[PDB]
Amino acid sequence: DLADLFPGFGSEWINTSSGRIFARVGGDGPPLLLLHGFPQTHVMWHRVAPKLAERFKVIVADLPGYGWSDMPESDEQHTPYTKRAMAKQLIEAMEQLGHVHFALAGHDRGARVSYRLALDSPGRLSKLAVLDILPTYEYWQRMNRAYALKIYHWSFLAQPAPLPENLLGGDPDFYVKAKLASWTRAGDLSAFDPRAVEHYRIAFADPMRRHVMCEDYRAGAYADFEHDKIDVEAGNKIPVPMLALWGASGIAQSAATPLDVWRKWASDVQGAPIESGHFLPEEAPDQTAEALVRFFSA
């Protein structure tokens, strides 16, 4: 079956009004919520989370609809898979554990939940880290020929159902491995623990999990963009101290210099590149863990 990649961590199914959140929980200390993105699950943190668990109570959650979390039924506006809704559902989940103020690090889609959480509900966060993203608004505003070729999946996966779902279902293994490999520094699967790849492949093998991922990308092209547009045009900035980490060969640094962009969105932001492709916690786990431990311990 599927390997346990978090030796010593407990497992929790947290009930919320939108379905259960699955999480691994370990460590002790101030609470720290870790959110994955696409096409992964909470196991992508397995190389970094033990180092964090030395200092923090580490909650490694599957996003709503991902991994082993429940999949709320979507609707015409992709509501449960908007980052606004995911953020609210994770706030509820954390409250079930007694965590009403916590630290948060997210990667990829999870990072988008994270900065939206900080915009909507900043009082819930002590500190925020985002890994290898710019805000959704900024990717769309910078969508020229070169970038449309680089992140074509932003507009492919956002096509109306069931178009991407039907194409993905012919050979799901190929696509999940293709995306994992294409966004790494090396362009192959060598950075990943094969036991982790199996987790990602098995999640992607479920047609309803694939649909959820497309709903996430549809939200990303519509409501998420519109929520971000409101904030940027209103000049609303994230007031929580934040860390922006990005991969020197990752996605965010394509088509913008990341710290300059985040300075427009956040009043107190620091950042650093890491020699890595998109998948910082797996491609560069020691470097990522150190940056996060330093930031959240300050």
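Quick note: we count residues from 1 along the sequence shown, nothing fancier.
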Using only the Cα atoms and their B-factors as the entry lists them, report which of 132-140 and 73-81 averages higher.
73-81
Mean temperature factor over C-alpha atoms, higher-scoring stretch between 92-100 and 220-228:
92-100
So if I compare the CA B-factors in the entry for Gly250, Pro64, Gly27, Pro31, which one is the largest?
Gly27
Within this chain's modelled residues, let me know which third the CA B factor of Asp120 belongs to: lowest, middle or highest.
middle
Check where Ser190 lands among this chain's C-alpha B-factors and tell me if it's the lowest, middle or highest third.
highest
Among the chain's modelled residues, which third holds the C-alpha B-factor of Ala23?
lowest
Would you mind checking where the Cα B-factor of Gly106 ranks among the modelled residues of its chain, as the lowest, middle or highest third?
lowest
CA B-factor ranking of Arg112, expressed as a third of its chain
lowest
